[PDB]
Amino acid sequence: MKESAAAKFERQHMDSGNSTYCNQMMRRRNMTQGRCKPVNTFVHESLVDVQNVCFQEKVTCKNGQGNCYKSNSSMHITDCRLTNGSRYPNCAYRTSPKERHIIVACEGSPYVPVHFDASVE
């Protein structure tokens, strides 16, 4: 692959360094390329903490596959949600910071996060 699954996950979902946050980040992370990705979550924890979720609580994924893991700890995340029926090329998002357990799908060797599945209160 030209972009590994792990690299794709970092691009789509990690932002440990940090109203218009989602508008900027969805665009800069290539999630408004010809289509506005409707929902996307960014995680503000270290990549090592997120990678370690792959050894936490096994749970079923939203698509029904079994390789999803729910974090034992709550994490600082931001949800970006497409708003006002906006369409490419004018994607507008709402920014929602919160603290939730995250659920990720993991794959490979080493076994690392490849998809952000959901968050749980």
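For every residue, the number given is its place in the sequence shown, counted from 1.
Missing deposited residues between residue 18 and residue 19: 4 to 9, all without coordinates in the entry.
Stretches 6-14 and 105-113 differ in mean C-alpha B factor, with the higher average recorded for 105-113. Between 63-71 and 82-90, it is 82-90 that carries the larger average Cα temperature factor according to the deposited entry. For residue 45, the recorded CA B-factor ranks within the highest third of the chain. Only modelled residues enter the ranking. The PDB entry assigns residue 56 a C-alpha temperature factor belonging to the lowest third of its chain's modelled residues. Annotation for residue 36: C-alpha temperature factor in the highest third relative to the rest of the modelled chain, per the entry.
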